[PDB]
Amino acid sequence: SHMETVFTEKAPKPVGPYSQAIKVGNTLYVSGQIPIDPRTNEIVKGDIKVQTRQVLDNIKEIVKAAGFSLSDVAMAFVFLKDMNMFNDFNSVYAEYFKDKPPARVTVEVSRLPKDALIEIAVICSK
């Protein structure tokens, strides 16, 4: 009832039974985003840094569409194909969460959708 679907054309269009995000009042639940360019609907060319920047940009557009801001991210779930890429991922991530950074979970998985190097999901509270 107070649950709302969030959609923006500025982040990858959901194909299937999920929403980019679900807003319930001052809480936002954001889907695990992968490095899809919304212009092509395919993974962006580049290394972990380019992919991380694409993911966080996807998340930023979703969060902003919902009336939230990156500052409202309380908890981030970070899934890496390769934990050795952590330092490089982290240097880009640090750009987006400079102050009052969210709680974070970081693990290495064996594979991601579209063979992504990284997927990030967040929960926000404003």
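From 1 onward, residues are counted along the sequence shown.
- When the two stretches 110-118 and 15-23 are set side by side, the higher mean Cα temperature factor goes to 15-23.
- 80-88 and 46-54 differ in mean CA B-factor, and the higher of the two is recorded for 46-54.
- When the modelled residues of the chain are ordered by their C-alpha B factor, residue 97 lands in the highest third.
- Residue 3 sits in the highest third of its chain by CA B factor, as recorded in the PDB entry.
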